[PDB]
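Enquirer:
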Amino acid sequence: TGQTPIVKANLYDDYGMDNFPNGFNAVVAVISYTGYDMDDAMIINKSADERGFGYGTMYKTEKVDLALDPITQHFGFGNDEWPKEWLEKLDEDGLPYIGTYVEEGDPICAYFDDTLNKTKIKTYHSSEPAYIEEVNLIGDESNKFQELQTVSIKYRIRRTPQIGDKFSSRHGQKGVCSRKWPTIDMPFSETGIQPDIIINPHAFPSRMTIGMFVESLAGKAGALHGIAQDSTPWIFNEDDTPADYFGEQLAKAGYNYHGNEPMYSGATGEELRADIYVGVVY
Amino acid sequence: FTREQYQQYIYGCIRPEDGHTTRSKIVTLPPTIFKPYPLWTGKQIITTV
Amino acid sequence: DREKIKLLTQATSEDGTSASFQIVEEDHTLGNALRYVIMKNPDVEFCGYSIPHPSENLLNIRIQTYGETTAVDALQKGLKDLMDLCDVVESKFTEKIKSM
Amino acid sequence: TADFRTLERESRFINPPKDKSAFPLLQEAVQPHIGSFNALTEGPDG
Amino acid sequence: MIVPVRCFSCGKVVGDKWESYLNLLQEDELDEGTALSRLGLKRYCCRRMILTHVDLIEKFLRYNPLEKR
Amino acid sequence: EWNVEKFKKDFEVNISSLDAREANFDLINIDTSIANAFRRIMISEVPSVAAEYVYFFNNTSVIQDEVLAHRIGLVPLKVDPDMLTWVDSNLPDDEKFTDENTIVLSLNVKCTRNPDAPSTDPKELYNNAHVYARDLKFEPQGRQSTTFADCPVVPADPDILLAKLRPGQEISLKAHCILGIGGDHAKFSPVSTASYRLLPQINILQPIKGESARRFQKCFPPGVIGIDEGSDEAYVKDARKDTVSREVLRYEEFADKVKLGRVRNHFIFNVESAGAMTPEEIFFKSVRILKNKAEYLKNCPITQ
Amino acid sequence: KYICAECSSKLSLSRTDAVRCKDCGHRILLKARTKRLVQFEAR
Amino acid sequence: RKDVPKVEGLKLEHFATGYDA
Ligand SMILES: [Zn+2]
Ligand SMILES: [Zn+2]
């Protein structure tokens, strides 16, 4: 789900990072309402990751070489008695099916030895279960015929985004996830949206990351009118504050000049004290 | 705080079921204001807790 | 049912002018609603809801009341008043969609 | 006045640049690497 | 890569409006903001789904190992 | 003192718009503790229909299996609830997916090459290149195959994009859709956005008549600030069109002449159904589940 | 059940045979997917 | 120096979501 940054530098398009999107955007409000997050932490809406928020997968390639000079270990089976119940993954040719679910302690490749006349299974021991996606076959070239003795298999692991992952932005505020709250227990705006992410407003007096405030103005001001504002630092000055230039766009778009959208608490169901700060950030 | 919020901000912290008091029956305090409407103060919600 | 409502005696009194109730698979949905309904009963001494932990699905409803009436009876009047509340907000909304 | 394009970048995805490659600035990535191994054979005197 | 259906924040369907968005930007010479307005995107939670999508899946299918060239 | 009749002679509701998908009806003189309960159930505790279990056979496309199953789960179906009950999870699969509860949809597509003069779109260059929502062929089985004759199971958005294919690739899957509450998963939420705001009570305190009122009507939305003439009043036409932005607060002239307040009893409901039901039936069923929630605790014995 | 890497010509291969495609002179042999029952969840 | 290039042709799409015009 990698998306392009709405507030991107003029050089982001030169190399063409749109081809390889790193992250994406998300509605973020600097609220303490949750409480579970404090001074570093962060929350993610339950419906957010329930629909593919920050989804990602791994790919673990394994290289199996058989026969540790007459060859004696051949991929596949033989002719004598062998137990059943491991034919769900492997085939009759000695290779696993493309797509089967392979957790720790599952057959990946079975080999038939002639010195022992037995088909022993090379097990698979790793951290997380993986899905097979492709199996390569490799045989050394020679004037004489040579049977294959090297197989290259590639896995994939569905890495569902859970809590404890170091989610962050492009400003240097590294944090983790404390607990994924449901949308109905999440504060909802006047329109009805629920910010899927809430970062602690107490880390700003220490981290001194004002960029996630001014860029949050440019992010919402860019999503409302579609036009993208280039970041390209060292172009403004004290005479023209970016909070003012990004504020006037929200004033004529309907929002306030300060970029603060009034919202309501999801648990109790009352109006908060003052206008609270929202916006999207990469 | 009003008569509705004050008592909610009390039981959400004490929880005599799990056990955080001694008398096994939590009591209340007279309000700061009686007329025209009963009100309370933060000094009193932390006083009673 | 046996697991939905559980009158646990770890906090209740003896005549039981004060008692604590435990209701599973509930949240602020019935917590806030039933609270606002029972709190308006002039026989209630003290009432409030408290969630043990959001990871768990539980809800503890505190109910204290003056004399001449126990706490369980007050809870029943709260459920009946909230039920009639749902009845009037649904019946009115039914006869209101036709008045367009 | 920084317009991000969708028609153009999707067009480059549709048909690749059969002509000289696009984005004529990413060449600074391995310009010293390619130039180093390219200089030991090209130029005069091998 | 692929068009995200059921926008995370709002929950409205988004997948159907991608092809219509490209059609509004190709056949009618229509700009960015008015496109999302006529296309039926009001809340900025869901406007940033079509307005920001990359659609890399077309670049993925350019390499088919199941057919020559 | 407060009673059921004191609230019955006090609670009314208005309507601002009536649409087949959207709805805007204003609850008048109701408490927040009940408004958030209706909003809570309409999103968290209302049954819907969404694909739970998916059985694939062959997927040689670039988009992998678990993502394709996730997408075909996300796409809604224009099927009416209450025509199928809940499954039992502890039962085995063969005894779990009966005909009274499970609805089966299939998807089969095999892209191929189409000769055409070559920048060429995949529609002309290939056949069955893209997979849309209407390709999900609903198949009825079991004891009732005619109860969906007049109500054919079809995705509420037939133009939903699923995947892009190429010649050689083939997809053949058989998926099942089941009920669920919005609190269990995001696909089982039949409401797009349901919330409630409060009526901004703009109370005028000073005689702001004059050119100041000319600079008042421009700030607030046009259908909010009105005047009979240049003087003799500066009133508000509609207090629902306005926005709570406090833009009038950042003016040295309009700092204290007016205050943006709030109405503790004026709420509005904006419900946008996902197609399975109407934005009104979703409210009747929500308050019905709340009433049934009170019934379950009312008719129940205590223990210990 | 195999697919060539360069010629992309699908053709199986039996035992006691050299690892080489019958159409192009290459050594890499991909493996195609077999139609089976694979269970998944919409999550 | 150029201060900032302001956007041209802007409009509003905002609260009162039960009716646009
Ligand atoms: Zn959205
Ligand atoms: Zn070959």
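Residue numbers (the authors' numbering), protein chains in the order written: chain A, 746 to 813, 819 to 1032; chain B, 687 to 735; chain C, 43 to 142; chain D, 13 to 58; chain E, 1 to 69; chain F, 30 to 147, 150 to 335; chain G, 28 to 70; chain H, 157 to 177.
We put the CB at the ideal spot given by N, CA and C, even for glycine.
1) Beta-carbon separation of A69 of chain G and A225 of chain F under 7 Å?
2) Roughly how many angstroms lie between the CA atoms of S41 of chain G and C10 of chain E, to the nearest whole one?
3) Should residue 815 of chain A be counted as a contact of ligand 2 given a C-beta to heavy atom distance under 6 Å?
4) Just the C-alpha distance for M1 of chain E and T746 of chain A, rounded to the nearest angstrom, thanks.
5) Where does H297 of chain F land, buried or exposed, given buried means 16+ other C-beta within 10 angstroms?
6) Is DSSP giving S62 of chain C helix, strand or coil here?
7) What are the boundary residues of the alpha helix (DSSP H) that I731 of chain B is part of?
8) For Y1014 of chain A and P937 of chain A, which I take to be in contact (beta-carbon distance under 8 Å), what is that distance rounded to the nearest angstrom?
9) Any idea if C699 of chain B is buried or exposed, counting beta-carbon neighbours within 10 angstroms, 16 or more meaning buried?
10) Quick one: does the C-beta of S9 of chain E sit closer than 6 Å to a heavy atom of ligand 1?
11) Use the C-beta contact count for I313 of chain F: other C-beta atoms within 10 angstroms, 16 or more gives buried, fewer gives exposed.
12) From the DSSP output, read off the bridge partner residues of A53 of chain C.
13) Using a Cβ-Cβ distance cut-off of 7 Å, determine whether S35 of chain G contacts chain E.
14) Do you know offhand how far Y84 of chain F's Cα is from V13 of chain E's?
15) Starting from the Cα of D946 of chain A, find the closest Cα among A:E795, A:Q999 and A:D915 and give me that residue.
16) So for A113 of chain C, helix, strand or coil by DSSP?
17) Which residue's Cα is closest to the Cα of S77 of chain F: F:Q237, F:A217 and F:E124?
18) Pick from F:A49, F:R50, F:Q93 and F:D48: whose alpha carbon is nearest that of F67 of chain G?
19) Closer than 7 Å, CB to CB, is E58 of chain E near chain D or not?
20) Would you say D50 of chain G touches ligand 2, meaning its beta carbon is less than 6 Å from a heavy atom?
21) Could you check if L167 of chain F is buried or exposed, using at least 16 other CB atoms within 10 Å of its CB as the buried criterion?
22) For the beta strand (DSSP E) holding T900 of chain A, just list the boundary residues, first then last.
23) Mind checking which residues open and close the beta strand (DSSP E) that includes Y995 of chain A?
24) Please decide whether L38 of chain G counts as near chain A, where near means a Cβ-Cβ distance under 7 Å.
25) Could you tell me which chain E residues have their CB closer than 9 Å to the CB of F25 of chain D, listed as they occur along the chain?
26) Where does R228 of chain F fall in DSSP's three states?
27) May I ask you to check if the CB of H53 of chain G is nearer than 6 Å to at least one heavy atom of ligand 4?
28) Count the CB pairs spanning the segment 914-929 of chain A and the segment 779-790 of chain A that are closer than 8 Å, and state whether there are at least three.
29) Pairing CB atoms from the segment 827-847 of chain A with CB atoms from the segment 238-255 of chain F, are three or more of them under 8 Å?
30) Listing by chain order, which chain G residues have their CB less than 7 Å from the CB of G214 of chain F?
31) Nearest to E807 of chain A by CA position, among A:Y881, A:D864 and A:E891, is which residue?
32) If you follow the beta strand (DSSP E) that residue 814 of chain A is part of, which residue opens it and which one closes it?
33) If I follow the unbroken alpha helix (DSSP H) through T865 of chain A, where does it start and stop?
34) Run through DSSP, which three-state label would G47 of chain D get?
35) Examine chain F for any beta-carbon lying closer than 7 Å to the beta-carbon of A69 of chain G, and answer yes or no.
36) Would you call the segment 750-764 of chain A in contact with the segment 30-37 of chain D, where contact means no fewer than 3 C-beta pairs closer than 8 Å?
Expert: Looking at the coordinates:
1) Your numbering for residue 69 of chain G matches position 42 in the seventh sequence. Your numbering for residue 225 of chain F matches position 194 in the sixth sequence. No, these two residues do not count as a Cβ contact at 7 Å.
2) Start at 1 with the first residue of the seventh sequence, and residue 41 of chain G comes out as number 14. Start at 1 with the first residue of the fifth sequence, and residue 10 of chain E comes out as number 10. About 56 Å.
3) Along chain A, the last residue before the gap is 813 and the first after it is 819, so residue 815 of chain A carries no coordinates.
4) For the purposes of this step, residue 1 of chain E is taken as the residue at position 1 of the fifth sequence. For the purposes of this step, residue 746 of chain A is taken as the residue at position 1 of the first sequence. Distance between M1 of chain E and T746 of chain A, taken at the CA atoms: about 6 Å.
5) Looking up residue 297 of chain F in the sixth sequence gives position 266. It counts as buried.
6) Here the question's residue 62 of chain C lines up with position 20 in the third sequence. Note: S62 of chain C maps to strand in three-state DSSP.
7) Within the second sequence, the letter at position 45 stands for residue 731 of chain B. For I731 of chain B, the uninterrupted alpha helix (DSSP H) segment begins and ends at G728 to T734.
8) Taking the first residue of the first sequence as position 1, residue 1014 of chain A is located at position 264. Taking the first residue of the first sequence as position 1, residue 937 of chain A is located at position 187. Sure, about 6 Å apart at Cβ, within 8 Å.
9) Within the second sequence, the letter at position 13 stands for residue 699 of chain B. The Cβ neighbour count for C699 of chain B, taken over all protein chains shown within 10 Å, is under 16; the residue is labelled exposed.
10) For this step, residue 9 of chain E is matched to residue 9 along the fifth sequence. Yes.
11) Here residue 313 of chain F corresponds to residue number 282 of the sixth sequence, with the count starting at 1. A residue is called buried once 16 or more other Cβ atoms fall within 10 Å of its Cβ, and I313 of chain F is buried on that count.
12) Along the third sequence, one-based indexing puts residue 53 of chain C at 11. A53 of chain C is not bridged to any residue.
13) What you label residue 35 of chain G is simply residue 8 of the seventh sequence in a count that begins at 1. Yes, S35 of chain G lies at the interface with chain E (some Cβ there is under 7 Å from its Cβ).
14) Working through the sixth sequence from its first residue, we reach residue 84 of chain F at position 55. Working through the fifth sequence from its first residue, we reach residue 13 of chain E at position 13. One Cα belongs to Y84 of chain F, the other to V13 of chain E, and the distance between them is close to 24 Å.
15) Mapped onto the first sequence, residue 946 of chain A falls at position 196. Selected option, being the one with the closest Cα: A:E795.
16) Counting from one through the third sequence, the residue named residue 113 of chain C turns up at place 71. The answer is helix: DSSP assigns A113 of chain C an H, G or I state.
17) As a first step, residue 77 of chain F is located in the sixth sequence; it is residue number 48 there, counting from the start. Comparing Cα positions, the closest option is F:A217.
18) Counting from one through the seventh sequence, the residue named residue 67 of chain G turns up at place 40. When the alpha-carbon of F67 of chain G is set against those of F:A49, F:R50, F:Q93 and F:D48, the nearest one is in F:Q93.
19) Looking up residue 58 of chain E in the fifth sequence gives position 58. It does; some Cβ of chain D falls within 7 Å.
20) Counting from one through the seventh sequence, the residue named residue 50 of chain G turns up at place 23. Yes, since a heavy atom of ligand 2 falls inside the 6 Å radius drawn around the Cβ of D50 of chain G.
21) Mapped onto the sixth sequence, residue 167 of chain F falls at position 136. So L167 of chain F counts as buried.
22) Here residue 900 of chain A corresponds to residue number 150 of the first sequence, with the count starting at 1. Here the beta strand (DSSP E) through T900 of chain A covers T900 to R909.
23) Start at 1 with the first residue of the first sequence, and residue 995 of chain A comes out as number 245. It is not in any beta strand (DSSP E) - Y995 of chain A instead sits in the alpha helix (DSSP H) that spans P992 to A1003.
24) Here residue 38 of chain G refers to the residue found at position 11 when the seventh sequence is read from its first residue. Chain A contact via Cβ: absent.
25) Position 13 of the fourth sequence, counted from the first residue, corresponds to residue 25 of chain D. Result: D55, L56, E58, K59 and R62.
26) To locate residue 228 of chain F, count along the sixth sequence from 1; it is residue 197. Strand, per DSSP.
27) Questions concerning ligand 4 fall outside what the structure shown contains, since the ligands it does hold are ligand 1 and ligand 2.
28) The segment 914-929 of chain A is in contact with the segment 779-790 of chain A.
29) No, because fewer than three Cβ pairs between the segment 827-847 of chain A and the segment 238-255 of chain F fall closer than 8 Å, the two stretches do not touch.
30) Along the sixth sequence, read from residue 1 onward, the residue named residue 214 of chain F stands at position 183. Those do not exist, as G214 of chain F stays about 15 Å from chain G at its closest Cβ, beyond 7 Å.
31) Taking the first residue of the first sequence as 1, we reach residue 807 of chain A at position 62. Answer by Cα proximity: A:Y881.
32) What the structure lacks is residue 814 of chain A: chain A is numbered 813, then 819, with the residues between left out.
33) If you number the first sequence from 1, residue 865 of chain A lands on position 115. Where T865 of chain A is concerned, there is no enclosing alpha helix (DSSP H), because DSSP gives it neither an H nor an E.
34) To locate residue 47 of chain D, count along the fourth sequence from 1; it is residue 35. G47 of chain D falls in the helix class under three-state DSSP.
35) In the seventh sequence, counting from the first residue as 1, residue 69 of chain G sits at position 42. It does; some Cβ of chain F falls within 7 Å.
36) Taking 8 Å as the limit for Cβ pairs, the verdict is that the segment 30-37 of chain D does touch the segment 750-764 of chain A.
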